[PDB]
$ cat final_11.csv   # CSV, C-alpha atoms and all ligand atoms
chain,number,residue,atom,x,y,z
A,116,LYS,CA,85.6,126.9,128.8
A,117,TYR,CA,83.5,125.4,131.6
A,118,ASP,CA,86.0,123.0,133.1
A,119,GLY,CA,86.3,120.4,130.3
A,120,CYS,CA,88.8,120.9,127.6
A,121,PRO,CA,92.2,122.7,127.8
A,122,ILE,CA,91.3,125.9,125.8
A,123,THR,CA,90.4,128.4,128.5
A,124,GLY,CA,88.3,130.9,126.7
A,125,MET,CA,84.7,132.2,127.3
A,126,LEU,CA,84.0,134.8,124.6
A,127,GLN,CA,83.8,135.1,120.9
A,128,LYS,CA,87.1,135.7,118.8
A,129,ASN,CA,88.1,132.1,119.8
A,130,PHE,CA,88.8,129.1,117.7
A,131,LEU,CA,87.2,125.7,116.8
A,132,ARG,CA,88.3,122.1,116.8
A,133,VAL,CA,88.0,120.1,113.6
A,134,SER,CA,89.6,116.9,114.7
A,135,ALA,CA,89.6,113.3,113.5
A,136,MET,CA,89.4,110.4,116.0
A,137,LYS,CA,90.2,106.7,115.7
A,138,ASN,CA,89.1,104.0,118.2
A,139,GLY,CA,91.4,105.1,121.1
A,140,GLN,CA,93.4,108.2,120.2
A,141,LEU,CA,93.2,111.6,118.6
A,142,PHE,CA,95.2,113.3,115.8
A,143,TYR,CA,95.0,116.2,113.4
A,144,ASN,CA,94.1,119.1,115.7
A,145,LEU,CA,93.7,122.2,113.6
A,146,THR,CA,92.2,125.3,115.2
A,147,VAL,CA,90.4,127.5,112.7
A,148,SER,CA,89.2,130.8,114.1
A,149,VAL,CA,85.6,131.9,114.5
A,150,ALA,CA,86.7,134.5,112.0
A,151,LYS,CA,86.3,133.3,108.3
A,152,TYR,CA,83.6,130.9,109.6
A,153,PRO,CA,81.0,133.3,110.9
A,154,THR,CA,77.9,131.1,111.2
A,155,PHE,CA,77.2,127.4,110.9
A,156,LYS,CA,75.4,127.0,107.5
A,157,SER,CA,76.0,123.4,106.3
A,158,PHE,CA,78.1,120.3,107.0
A,159,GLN,CA,78.7,117.4,104.5
A,160,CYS,CA,80.4,114.1,104.5
A,161,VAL,CA,81.3,112.8,101.0
A,162,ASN,CA,82.1,109.2,99.9
A,163,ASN,CA,84.9,109.4,97.4
A,164,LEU,CA,88.2,110.7,98.7
A,165,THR,CA,86.5,110.4,102.2
A,166,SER,CA,86.5,114.1,102.7
A,167,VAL,CA,84.4,116.1,105.2
A,168,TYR,CA,83.2,119.7,104.6
A,169,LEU,CA,82.3,122.1,107.3
A,170,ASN,CA,80.3,124.6,105.1
A,171,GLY,CA,82.1,125.2,101.8
A,172,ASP,CA,85.8,124.2,101.8
A,173,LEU,CA,87.8,121.3,103.0
A,174,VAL,CA,88.8,120.6,106.6
A,175,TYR,CA,90.0,116.9,106.5
A,176,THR,CA,90.9,114.3,103.9
A,177,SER,CA,92.6,110.9,104.3
A,178,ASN,CA,93.4,107.9,102.2
A,179,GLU,CA,90.4,105.6,102.2
A,180,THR,CA,87.2,105.4,100.2
A,181,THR,CA,84.6,104.7,102.9
A,182,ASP,CA,80.9,105.4,102.9
A,183,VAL,CA,79.0,107.2,105.6
A,184,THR,CA,77.5,105.0,108.3
A,185,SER,CA,75.9,107.6,110.7
A,186,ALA,CA,75.7,111.3,111.6
A,187,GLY,CA,74.2,113.4,114.3
A,188,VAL,CA,73.9,117.0,115.7
A,189,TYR,CA,73.5,118.3,119.2
A,190,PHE,CA,71.9,121.7,119.8
A,191,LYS,CA,69.6,123.2,122.4
A,192,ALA,CA,67.4,125.4,120.2
A,193,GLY,CA,67.3,127.3,116.9
A,194,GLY,CA,66.2,126.5,113.4
A,195,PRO,CA,65.0,123.0,112.6
A,196,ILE,CA,67.9,121.2,111.1
A,197,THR,CA,67.7,119.2,107.8
A,198,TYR,CA,69.2,115.8,106.9
A,199,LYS,CA,69.5,114.8,103.3
A,200,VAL,CA,71.5,112.3,101.2
A,201,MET,CA,72.4,112.8,97.6
A,202,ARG,CA,73.9,111.5,94.4
A,203,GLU,CA,76.5,113.0,92.0
A,204,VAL,CA,75.5,115.1,89.0
A,205,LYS,CA,77.0,117.9,87.0
A,206,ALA,CA,76.1,121.5,87.7
A,207,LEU,CA,77.4,125.0,87.1
A,208,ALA,CA,77.2,128.0,89.4
A,209,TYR,CA,77.0,131.8,88.7
A,210,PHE,CA,79.0,133.6,91.3
A,211,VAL,CA,80.1,137.2,91.6
B,260,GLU,CA,98.6,130.8,106.7
B,261,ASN,CA,97.9,127.7,108.9
B,262,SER,CA,95.4,127.8,111.9
B,263,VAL,CA,97.2,129.8,114.6
B,264,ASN,CA,100.7,130.0,116.2
B,265,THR,CA,102.8,128.3,113.5
B,266,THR,CA,106.3,128.5,112.1
B,267,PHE,CA,106.0,127.4,108.5
B,268,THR,CA,108.2,124.3,108.4
B,269,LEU,CA,108.0,122.1,105.3
B,270,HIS,CA,107.9,118.3,105.9
B,271,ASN,CA,110.5,116.0,104.3
B,272,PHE,CA,109.2,112.8,102.8
B,273,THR,CA,111.9,110.4,101.9
B,274,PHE,CA,112.0,107.2,99.9
B,275,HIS,CA,114.5,104.3,99.4
B,276,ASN,CA,114.5,101.0,97.6
B,277,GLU,CA,114.3,98.4,100.3
B,278,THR,CA,114.9,94.6,100.4
B,279,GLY,CA,111.5,94.0,98.8
B,280,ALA,CA,109.4,90.9,98.9
B,281,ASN,CA,108.4,88.5,96.2
B,282,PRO,CA,106.7,89.7,93.0
B,283,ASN,CA,102.9,89.4,92.9
B,284,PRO,CA,100.6,86.5,92.2
B,285,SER,CA,97.8,86.5,89.7
B,286,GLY,CA,95.5,89.1,91.2
B,287,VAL,CA,95.7,92.8,90.5
B,288,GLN,CA,94.5,93.3,94.1
B,289,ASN,CA,97.4,91.0,95.1
B,290,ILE,CA,100.0,93.7,94.5
B,291,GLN,CA,101.0,95.4,97.8
B,292,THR,CA,102.3,99.0,98.1
B,293,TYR,CA,105.6,98.6,99.9
B,294,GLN,CA,105.5,102.2,101.2
B,295,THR,CA,102.8,104.7,102.0
B,296,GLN,CA,102.8,108.5,102.6
B,297,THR,CA,100.1,111.1,102.7
B,298,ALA,CA,99.6,114.9,102.6
B,299,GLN,CA,97.6,116.6,105.2
B,300,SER,CA,98.1,120.4,105.3
B,301,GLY,CA,100.8,123.0,104.7
B,302,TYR,CA,103.9,122.5,102.7
B,303,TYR,CA,105.9,119.4,101.5
B,304,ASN,CA,108.8,118.3,99.3
B,305,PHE,CA,109.5,114.8,97.9
B,306,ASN,CA,113.1,113.6,98.1
B,307,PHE,CA,113.1,111.2,95.1
B,308,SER,CA,116.5,109.5,94.9
B,309,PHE,CA,115.2,107.2,92.2
B,310,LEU,CA,117.0,108.6,89.2
B,311,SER,CA,119.9,106.3,89.9
B,312,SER,CA,120.0,103.9,87.0
B,313,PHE,CA,116.2,103.7,86.7
B,314,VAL,CA,115.1,104.5,83.1
B,315,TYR,CA,111.8,106.1,82.4
B,316,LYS,CA,109.4,104.1,80.3
B,317,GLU,CA,107.5,106.1,77.7
B,318,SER,CA,103.8,105.4,77.6
B,319,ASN,CA,102.3,103.5,74.7
B,320,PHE,CA,99.4,101.1,73.9
B,321,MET,CA,99.7,98.7,76.8
B,322,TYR,CA,102.8,99.1,79.0
B,323,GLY,CA,104.5,102.1,80.6
B,324,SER,CA,103.1,104.9,82.5
B,325,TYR,CA,99.5,106.4,82.4
B,326,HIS,CA,100.4,110.0,83.2
B,327,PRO,CA,97.3,111.4,81.4
B,328,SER,CA,95.1,113.2,84.0
B,329,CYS,CA,98.4,114.3,85.7
B,330,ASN,CA,100.5,116.4,83.3
B,331,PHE,CA,103.6,116.7,85.5
B,332,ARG,CA,106.4,114.2,85.5
B,333,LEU,CA,107.7,112.7,88.7
B,334,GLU,CA,110.9,114.7,89.0
B,335,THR,CA,108.9,118.0,88.7
B,336,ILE,CA,106.7,117.7,91.8
B,337,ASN,CA,109.0,119.9,93.9
B,338,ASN,CA,108.2,123.0,91.9
B,339,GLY,CA,105.3,125.2,92.9
B,340,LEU,CA,102.1,123.2,92.5
B,341,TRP,CA,98.7,123.2,94.2
B,342,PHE,CA,96.9,120.0,95.1
B,343,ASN,CA,93.9,119.3,97.3
B,344,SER,CA,94.9,115.8,98.6
B,345,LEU,CA,98.1,113.9,97.9
B,346,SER,CA,99.4,110.4,98.6
B,347,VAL,CA,102.2,108.5,96.9
B,348,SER,CA,103.4,105.0,97.3
B,349,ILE,CA,105.7,102.6,95.6
B,350,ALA,CA,104.8,99.0,94.5
B,351,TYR,CA,106.7,96.3,92.7
B,352,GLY,CA,104.3,94.9,90.2
B,353,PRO,CA,104.4,93.7,86.5
B,354,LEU,CA,105.2,96.0,83.7
B,355,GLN,CA,102.9,95.4,80.7
B,356,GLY,CA,99.6,95.9,82.6
B,357,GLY,CA,100.5,97.6,85.8
B,358,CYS,CA,99.1,101.1,85.1
B,359,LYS,CA,96.5,100.4,82.4
B,360,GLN,CA,94.8,98.0,84.8
B,361,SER,CA,95.7,99.6,88.1
B,362,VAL,CA,94.2,103.0,87.1
B,363,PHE,CA,90.7,101.8,86.0
B,364,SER,CA,90.0,99.0,88.4
B,365,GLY,CA,92.6,100.1,90.9
B,366,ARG,CA,93.3,102.7,93.6
B,367,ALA,CA,95.1,105.6,92.0
B,368,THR,CA,94.4,108.5,89.7
B,369,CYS,CA,97.6,108.0,87.7
B,370,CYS,CA,100.7,106.0,88.0
B,371,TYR,CA,104.2,105.9,86.6
B,372,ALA,CA,106.4,103.0,85.6
B,373,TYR,CA,110.1,103.0,86.2
B,374,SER,CA,112.2,100.0,85.3
B,375,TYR,CA,115.6,98.5,86.0
B,376,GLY,CA,117.4,95.2,85.4
B,377,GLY,CA,114.8,92.8,86.9
B,378,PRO,CA,114.4,89.0,86.8
B,379,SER,CA,111.8,87.9,84.2
B,380,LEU,CA,109.6,85.8,86.6
B,381,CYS,CA,106.6,88.0,87.2
B,382,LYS,CA,103.0,87.0,86.9
B,383,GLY,CA,101.2,89.7,85.1
B,384,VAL,CA,97.7,91.0,85.7
B,385,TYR,CA,95.0,91.2,83.0
B,386,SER,CA,91.8,89.5,82.2
B,387,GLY,CA,92.6,86.2,80.4
B,388,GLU,CA,96.4,86.8,80.0
B,389,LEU,CA,97.5,86.1,83.6
B,390,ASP,CA,99.5,82.9,82.8
B,391,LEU,CA,102.8,84.4,81.5
B,392,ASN,CA,106.1,85.7,82.9
B,393,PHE,CA,107.0,89.4,82.6
B,394,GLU,CA,109.4,92.1,83.9
B,395,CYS,CA,109.2,93.7,87.3
B,396,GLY,CA,110.0,97.4,87.3
B,397,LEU,CA,108.9,99.5,90.3
B,398,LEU,CA,105.7,101.5,89.7
B,399,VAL,CA,104.9,104.5,91.9
B,400,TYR,CA,101.4,105.6,92.5
B,401,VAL,CA,100.1,109.2,92.9
B,402,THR,CA,96.5,110.1,93.9
B,403,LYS,CA,96.1,113.6,92.7
C,308,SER,CA,99.6,86.2,71.6
C,309,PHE,CA,102.8,88.2,71.0
C,310,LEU,CA,102.5,90.7,73.8
C,311,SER,CA,104.3,88.3,76.1
C,312,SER,CA,107.6,90.0,77.0
C,313,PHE,CA,108.0,91.5,73.4
C,314,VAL,CA,108.6,95.2,73.6
C,315,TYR,CA,107.4,97.5,70.8
C,316,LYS,CA,110.2,99.4,69.0
C,317,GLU,CA,109.3,103.0,68.3
C,318,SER,CA,110.1,104.1,64.8
C,319,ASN,CA,113.0,106.5,64.1
C,320,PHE,CA,115.6,107.3,61.4
C,321,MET,CA,116.8,103.8,60.6
C,322,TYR,CA,115.5,101.0,62.8
C,323,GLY,CA,112.1,100.1,64.2
C,324,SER,CA,108.8,99.8,62.4
C,325,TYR,CA,107.6,101.6,59.3
C,326,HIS,CA,103.9,101.9,60.1
C,327,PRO,CA,103.4,105.0,57.9
C,328,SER,CA,100.8,104.1,55.2
C,329,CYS,CA,99.1,101.9,57.9
C,330,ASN,CA,97.9,104.0,60.8
C,331,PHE,CA,96.7,101.2,63.0
C,332,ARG,CA,98.9,99.4,65.5
C,333,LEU,CA,99.1,95.6,65.5
C,334,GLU,CA,97.1,95.1,68.6
C,335,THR,CA,94.1,97.1,67.2
C,336,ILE,CA,93.4,95.0,64.0
C,337,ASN,CA,90.6,93.2,65.8
C,338,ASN,CA,88.3,96.3,66.0
C,339,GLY,CA,86.1,97.1,63.0
C,340,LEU,CA,88.2,97.8,60.0
C,341,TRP,CA,87.7,97.5,56.2
C,342,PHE,CA,90.4,96.1,53.9
C,343,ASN,CA,90.4,94.9,50.4
C,344,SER,CA,93.1,92.2,50.6
C,345,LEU,CA,95.1,91.2,53.6
C,346,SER,CA,98.0,88.9,54.3
C,347,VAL,CA,100.3,88.8,57.4
C,348,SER,CA,103.4,86.8,58.0
C,349,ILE,CA,106.2,86.7,60.6
C,350,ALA,CA,109.9,86.7,59.8
C,351,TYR,CA,113.1,86.7,61.9
C,352,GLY,CA,115.4,89.2,60.3
C,353,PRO,CA,117.7,92.0,61.4
C,354,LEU,CA,116.6,95.0,63.3
C,355,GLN,CA,118.3,98.1,62.0
D,501,LIG,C1,115.4,97.4,94.1
D,501,LIG,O1,114.4,96.6,94.8
D,501,LIG,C2,114.1,95.4,94.1
D,501,LIG,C3,113.1,94.7,95.0
D,501,LIG,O2,113.6,94.1,96.1
D,501,LIG,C4,115.4,94.5,93.9
D,501,LIG,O3,115.1,93.4,93.1
D,501,LIG,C5,115.3,92.1,93.8
D,501,LIG,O4,116.6,91.5,93.6
D,501,LIG,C6,116.8,90.3,94.3
D,501,LIG,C7,118.2,89.8,93.9
D,501,LIG,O5,118.3,89.6,92.5
D,501,LIG,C8,115.7,89.2,93.9
D,501,LIG,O6,115.8,88.1,94.7
D,501,LIG,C9,115.8,86.8,94.0
D,501,LIG,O7,114.5,86.6,93.5
D,501,LIG,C10,114.3,85.4,92.7
D,501,LIG,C11,112.9,85.4,92.2
D,501,LIG,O8,112.7,86.1,91.0
D,501,LIG,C12,114.7,84.2,93.6
D,501,LIG,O9,114.6,83.0,92.8
D,501,LIG,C13,116.1,84.4,94.1
D,501,LIG,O10,116.4,83.3,95.0
D,501,LIG,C14,116.2,85.7,94.9
D,501,LIG,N1,117.6,85.9,95.4
D,501,LIG,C15,117.9,85.7,96.7
D,501,LIG,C16,116.8,85.4,97.6
D,501,LIG,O11,119.1,85.9,97.0
D,501,LIG,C17,114.3,89.8,94.2
D,501,LIG,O12,113.3,89.0,93.7
D,501,LIG,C18,114.2,91.2,93.4
D,501,LIG,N2,112.8,91.7,93.6
D,501,LIG,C19,112.0,92.0,92.6
D,501,LIG,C20,112.4,91.7,91.2
D,501,LIG,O13,110.9,92.5,92.8
D,501,LIG,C21,116.4,95.4,93.2
D,501,LIG,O14,117.7,94.6,93.2
D,501,LIG,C22,116.7,96.7,94.0
D,501,LIG,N3,117.7,97.5,93.2
D,501,LIG,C23,118.7,98.1,93.8
D,501,LIG,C24,118.9,97.8,95.3
D,501,LIG,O15,119.5,98.7,93.1
D,502,LIG,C1,95.1,117.0,120.1
D,502,LIG,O1,94.8,117.7,121.3
D,502,LIG,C2,94.7,116.8,122.4
D,502,LIG,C3,94.3,117.6,123.6
D,502,LIG,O2,93.5,116.9,124.5
D,502,LIG,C4,96.0,116.0,122.7
D,502,LIG,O3,95.7,115.1,123.7
D,502,LIG,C5,96.9,114.9,124.6
D,502,LIG,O4,97.6,113.8,124.2
D,502,LIG,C6,98.8,113.5,125.0
D,502,LIG,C7,99.5,112.3,124.3
D,502,LIG,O5,98.5,111.3,124.0
D,502,LIG,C8,98.4,113.2,126.4
D,502,LIG,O6,99.5,113.0,127.2
D,502,LIG,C9,97.6,114.4,127.0
D,502,LIG,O7,97.2,114.1,128.3
D,502,LIG,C10,96.4,114.7,126.1
D,502,LIG,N1,95.7,115.9,126.6
D,502,LIG,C11,94.6,115.9,127.3
D,502,LIG,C12,93.9,114.6,127.5
D,502,LIG,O8,94.1,117.0,127.6
D,502,LIG,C13,96.4,115.3,121.4
D,502,LIG,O9,97.6,114.6,121.5
D,502,LIG,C14,96.4,116.3,120.2
D,502,LIG,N2,96.8,115.5,119.0
D,502,LIG,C15,98.0,115.6,118.3
D,502,LIG,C16,99.0,116.6,119.0
D,502,LIG,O10,98.2,115.0,117.3
D,503,LIG,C1,83.2,109.6,93.1
D,503,LIG,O1,82.9,108.3,93.5
D,503,LIG,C2,82.6,107.3,92.5
D,503,LIG,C3,82.1,106.0,93.2
D,503,LIG,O2,82.0,105.0,92.2
D,503,LIG,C4,83.8,107.1,91.6
D,503,LIG,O3,83.5,106.3,90.5
D,503,LIG,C5,84.2,108.5,91.1
D,503,LIG,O4,85.4,108.3,90.3
D,503,LIG,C6,84.5,109.5,92.2
D,503,LIG,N1,84.8,110.8,91.6
D,503,LIG,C7,86.0,111.4,91.8
D,503,LIG,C8,87.0,110.7,92.5
D,503,LIG,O5,86.2,112.5,91.3
D,504,LIG,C1,96.3,104.7,103.3
D,504,LIG,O1,97.2,105.6,104.0
D,504,LIG,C2,97.4,105.2,105.3
D,504,LIG,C3,98.3,106.3,105.9
D,504,LIG,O2,99.3,105.7,106.8
D,504,LIG,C4,97.9,103.8,105.5
D,504,LIG,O3,98.0,103.5,106.9
D,504,LIG,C5,97.0,102.8,104.8
D,504,LIG,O4,97.5,101.5,104.8
D,504,LIG,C6,96.8,103.3,103.3
D,504,LIG,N1,95.8,102.4,102.7
D,504,LIG,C7,96.1,101.4,101.8
D,504,LIG,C8,97.6,101.3,101.4
D,504,LIG,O5,95.3,100.7,101.3
D,505,LIG,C1,113.7,118.9,106.8
D,505,LIG,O1,112.6,119.6,107.5
D,505,LIG,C2,113.1,120.6,108.4
D,505,LIG,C3,111.8,121.2,109.1
D,505,LIG,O2,111.0,120.1,109.6
D,505,LIG,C4,113.8,121.7,107.6
D,505,LIG,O3,114.4,122.6,108.5
D,505,LIG,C5,115.0,121.1,106.8
D,505,LIG,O4,115.6,122.0,106.0
D,505,LIG,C6,114.4,119.9,105.9
D,505,LIG,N1,115.5,119.3,105.2
D,505,LIG,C7,115.8,119.5,103.9
D,505,LIG,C8,114.9,120.4,103.2
D,505,LIG,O5,116.8,118.9,103.4
D,506,LIG,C1,117.6,112.7,99.9
D,506,LIG,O1,118.0,111.8,100.9
D,506,LIG,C2,119.4,111.4,100.8
D,506,LIG,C3,119.7,110.4,101.8
D,506,LIG,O2,118.8,109.2,101.6
D,506,LIG,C4,120.3,112.7,100.9
D,506,LIG,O3,121.7,112.3,100.8
D,506,LIG,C5,119.9,113.7,99.9
D,506,LIG,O4,120.6,114.9,100.1
D,506,LIG,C6,118.4,114.0,100.0
D,506,LIG,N1,118.1,114.9,98.9
D,506,LIG,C7,117.5,116.2,99.1
D,506,LIG,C8,117.3,116.6,100.5
D,506,LIG,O5,117.2,116.9,98.2
$ encode --input "final_11.csv" --output "structure tokens"
Amino acid sequence: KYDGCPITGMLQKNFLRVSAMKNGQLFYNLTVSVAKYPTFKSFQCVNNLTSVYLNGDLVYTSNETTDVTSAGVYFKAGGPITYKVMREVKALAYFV
Amino acid sequence: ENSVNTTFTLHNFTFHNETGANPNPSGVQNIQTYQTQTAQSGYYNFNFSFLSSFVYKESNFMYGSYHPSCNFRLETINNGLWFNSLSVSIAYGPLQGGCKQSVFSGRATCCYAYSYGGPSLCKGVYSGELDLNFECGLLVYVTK
Amino acid sequence: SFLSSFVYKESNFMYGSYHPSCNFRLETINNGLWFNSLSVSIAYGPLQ
């Protein structure tokens, strides 16, 4: 909170807003906590199945098959962020 | 668990055969899904009232369903499954080449092919064989 | 050109095809096979 959105919280232990937006209106408000998402690590946008990935798992899918046209990040300071595009291969991951 | 402050209420998606339009012309993109639904989050069930006099067409070399890559049959969705994104829709296309063309060059992972007593004036979709007249059973899509 | 509205009848106890001793189906002859003598013919008989 400063004045802007109706959330009214200035602390940690609050939530987030992953929300889709069409040309005029808003839909699909889900409010995941800052718990289970401790620190912003990565953020993808994948072509097939049109799904978007705040680091790791799903947050939003829809019907279409539409390619990415733009992206962009605001932040004041911190680590120098990295943009990268990619193709689709096969891989396997060791995980304990 | 959903995000916060939720009472877990499953949504009810319904279907019904409507007063449909004409059967499709020559193009496989010229078949129109005369319903659309989608899954977003949480729980769902699918009220299929399409067992009423609609036979199931067993898959073979050209016609019928193309249920490989989706092992469940359409009347067993309502048991406990786990998907990642789901959208079903019905469409009144031809029968001999509905699924075998509409899976590869189409818009679904797999599709089923129910049938009924339909008029035999239906322009089928296939490369080079699009000048005949076939049956029109309703074919549902599912994008698993 | 006999896929036009002609259903295929799956074999069972009395009626239908008798494709055992010839594993290919009729719409898959045109792939690479090897025969020794071959003759096909159509005939309009009973079904059972
Ligand atoms: C489930 O939905 C189907 C899709 O609407 C219904 O099938 C429709 O039945 C109509 C009546 O037989 C057909 O209308 C006729 O179509 C022919 C062209 O093939 C025209 O020449 C006729 O004039 C026309 N009859 C009219 C206008 O009175 C529809 O074409 C046909 N739709 C198809 C085959 O896609 C099923 O009847 C319906 N089943 C139910 C309700 O049980
Ligand atoms: C997601 O949250 C926003 C909160 O801004 C909701 O926006 C409200 O929408 C209604 C109906 O359009 C308006 O009357 C309110 O004035 C909006 N609130 C504002 C501008 O603060 C939006 O509807 C939500 N999306 C849903 C519920 O699908
Ligand atoms: C990923 O996208 C490509 C785009 O051509 C598509 O062919 C492929 O089937 C997609 N993979 C899926 C849906 O798993
Ligand atoms: C995909 O689903 C949405 C959900 O309503 C629908 O509006 C859209 O027409 C669908 N796309 C098709 C059928 O190509
Ligand atoms: C329809 O959904 C409501 C909740 O949205 C539920 O209470 C009701 O039982 C459902 N109807 C069924 C399952 O027939
Ligand atoms: C499906 O909908 C019909 C009405 O269209 C209703 O009579 C029937 O009970 C429903 N089936 C369910 C909820 O399992």
$ residues_near_ligand --input "final_11.csv" --ligand "ligand LIG 505 (chain D)" --cutoff "12 Å" --atoms "only C-alpha atoms and all ligand atoms" --output "list in words"
residues 266, 267, 268, 269, 270, 271, 272, 273, 301, 302, 303, 304, 305, 306, 307 and 337 of chain B
$ closest_residue --input "final_11.csv" --among "A:189, A:177, A:203, A:183" --to "ligand LIG 503 (chain D)" --atoms "only C-alpha atoms and all ligand atoms"
A:203
$ residues_near_ligand --input "final_11.csv" --ligand "ligand LIG 504 (chain D)" --cutoff "12 Å" --atoms "all atoms listed in the file" --output "PyMOL selection string"
(chain A and resi 164-165+176-181) or (chain B and resi 288-299+344-350+365-367+400-402)
$ residues_around --input "final_11.csv" --residues "residue 312 of chain C" --least-positions-apart "4" --cutoff "8 Å" --atoms "all atoms listed in the file" --output "short mmCIF file (atom, residue, chain, number, x, y, z; two decimals) with C-alpha atoms, in the coordinates of the input"
data_model
loop_
_atom_site.label_atom_id
_atom_site.label_comp_id
_atom_site.auth_asym_id
_atom_site.auth_seq_id
_atom_site.Cartn_x
_atom_site.Cartn_y
_atom_site.Cartn_z
CA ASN B 392 106.10 85.70 82.90
CA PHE B 393 107.00 89.40 82.60
CA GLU B 394 109.40 92.10 83.90
#
$ closest_residue --input "final_11.csv" --among "B:383, B:339, B:284, B:357" --to "chain C" --atoms "all atoms listed in the file"
B:383
$ residues_around --input "final_11.csv" --residues "residue 146 of chain A" --least-positions-apart "4" --cutoff "9 Å" --atoms "only C-alpha atoms" --output "ChimeraX atom specification"
/A:130-134 /B:261-263
$ residues_near_ligand --input "final_11.csv" --ligand "ligand LIG 502 (chain D)" --cutoff "7 Å" --atoms "all atoms listed in the file" --output "ChimeraX atom specification"
/A:120-121,141-144
$ residues_near_point --input "final_11.csv" --point "(100.9, 105.6, 66.2)" --cutoff "12 Å" --atoms "all atoms listed in the file" --output "MDAnalysis selection string"
(chainID B and resid 318:320) or (chainID C and resid 315:318 324:335)
$ interface_residues --input "final_11.csv" --of "chain B" --to "chain C" --cutoff "12 Å" --atoms "all atoms listed in the file" --output "PyMOL selection string"
chain B and resi 316-323+353-356+378-385+387-395
$ residues_around --input "final_11.csv" --residues "residue 188 of chain A" --least-positions-apart "3" --cutoff "12 Å" --atoms "all atoms listed in the file" --output "ChimeraX atom specification"
/A:155,157-158,185,191-192,195-198
$ write_last_selection --input "final_11.csv" --atoms "C-alpha atoms" --output "mmCIF file, in the coordinates of the input"
data_model
loop_
_atom_site.group_PDB
_atom_site.id
_atom_site.type_symbol
_atom_site.label_atom_id
_atom_site.label_comp_id
_atom_site.auth_asym_id
_atom_site.auth_seq_id
_atom_site.Cartn_x
_atom_site.Cartn_y
_atom_site.Cartn_z
ATOM 1 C CA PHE A 155 77.200 127.400 110.900
ATOM 2 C CA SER A 157 76.000 123.400 106.300
ATOM 3 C CA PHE A 158 78.100 120.300 107.000
ATOM 4 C CA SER A 185 75.900 107.600 110.700
ATOM 5 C CA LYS A 191 69.600 123.200 122.400
ATOM 6 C CA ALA A 192 67.400 125.400 120.200
ATOM 7 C CA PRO A 195 65.000 123.000 112.600
ATOM 8 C CA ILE A 196 67.900 121.200 111.100
ATOM 9 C CA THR A 197 67.700 119.200 107.800
ATOM 10 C CA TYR A 198 69.200 115.800 106.900
#
$ residues_near_ligand --input "final_11.csv" --ligand "ligand LIG 501 (chain D)" --cutoff "10 Å" --atoms "all atoms listed in the file" --output "VMD selection string"
chain B and resid 275 to 283 293 309 311 to 313 350 to 353 374 to 381 394 to 397
$ residues_around --input "final_11.csv" --residues "residue 331 of chain B" --least-positions-apart "2" --cutoff "12 Å" --atoms "only C-alpha atoms" --output "PyMOL selection string"
chain B and resi 325-329+333-341+369-371+401+403
$ atom_distance --input "final_11.csv" --atom1 "atom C5 of ligand LIG 503 (chain D)" --atom2 "atom CA of residue 162 of chain A"
9.1 Å
$ residues_near_point --input "final_11.csv" --point "(116.2, 95.5, 58.8)" --cutoff "9 Å" --atoms "only C-alpha atoms" --output "NGL selection string"
:C and (321-323 or 352-355)
$ atom_distance --input "final_11.csv" --atom1 "atom CA of residue 208 of chain A" --atom2 "atom CA of residue 260 of chain B"
27.7 Å
$ atom_distance --input "final_11.csv" --atom1 "atom CA of residue 332 of chain B" --atom2 "atom CA of residue 175 of chain A"
26.8 Å
$ closest_residue --input "final_11.csv" --among "A:145, A:135, A:200, A:126" --to "chain B" --atoms "all atoms listed in the file"
A:145
$ decode --input "final_11.csv" --residues "segment 317-342 of chain C" --atoms "C-alpha atoms" --output "PDB file, in the first residue's frame"
ATOM      1  CA  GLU C 317     -14.719 -56.073 -37.805  1.00  0.00           C
ATOM      2  CA  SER C 318     -14.315 -59.838 -37.845  1.00  0.00           C
ATOM      3  CA  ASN C 319     -16.090 -62.035 -35.309  1.00  0.00           C
ATOM      4  CA  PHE C 320     -17.587 -65.503 -34.950  1.00  0.00           C
ATOM      5  CA  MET C 321     -19.595 -65.703 -38.187  1.00  0.00           C
ATOM      6  CA  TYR C 322     -19.742 -62.496 -40.224  1.00  0.00           C
ATOM      7  CA  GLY C 323     -17.219 -59.900 -41.272  1.00  0.00           C
ATOM      8  CA  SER C 324     -13.828 -60.349 -42.831  1.00  0.00           C
ATOM      9  CA  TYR C 325     -11.480 -63.315 -42.572  1.00  0.00           C
ATOM     10  CA  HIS C 326      -8.163 -61.432 -42.738  1.00  0.00           C
ATOM     11  CA  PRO C 327      -6.192 -64.113 -40.781  1.00  0.00           C
ATOM     12  CA  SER C 328      -3.488 -65.484 -43.142  1.00  0.00           C
ATOM     13  CA  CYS C 329      -3.148 -61.927 -44.559  1.00  0.00           C
ATOM     14  CA  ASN C 330      -2.157 -59.463 -41.840  1.00  0.00           C
ATOM     15  CA  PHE C 331      -2.436 -56.302 -43.960  1.00  0.00           C
ATOM     16  CA  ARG C 332      -5.629 -54.286 -44.239  1.00  0.00           C
ATOM     17  CA  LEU C 333      -6.964 -53.326 -47.663  1.00  0.00           C
ATOM     18  CA  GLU C 334      -5.946 -49.651 -47.485  1.00  0.00           C
ATOM     19  CA  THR C 335      -2.291 -50.583 -46.800  1.00  0.00           C
ATOM     20  CA  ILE C 336      -1.499 -52.631 -49.921  1.00  0.00           C
ATOM     21  CA  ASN C 337       0.151 -49.624 -51.600  1.00  0.00           C
ATOM     22  CA  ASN C 338       3.088 -49.607 -49.175  1.00  0.00           C
ATOM     23  CA  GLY C 339       6.124 -51.743 -49.932  1.00  0.00           C
ATOM     24  CA  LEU C 340       5.109 -55.402 -49.841  1.00  0.00           C
ATOM     25  CA  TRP C 341       6.386 -58.525 -51.588  1.00  0.00           C
ATOM     26  CA  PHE C 342       4.043 -61.101 -53.074  1.00  0.00           C
TER      27      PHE C 342
END
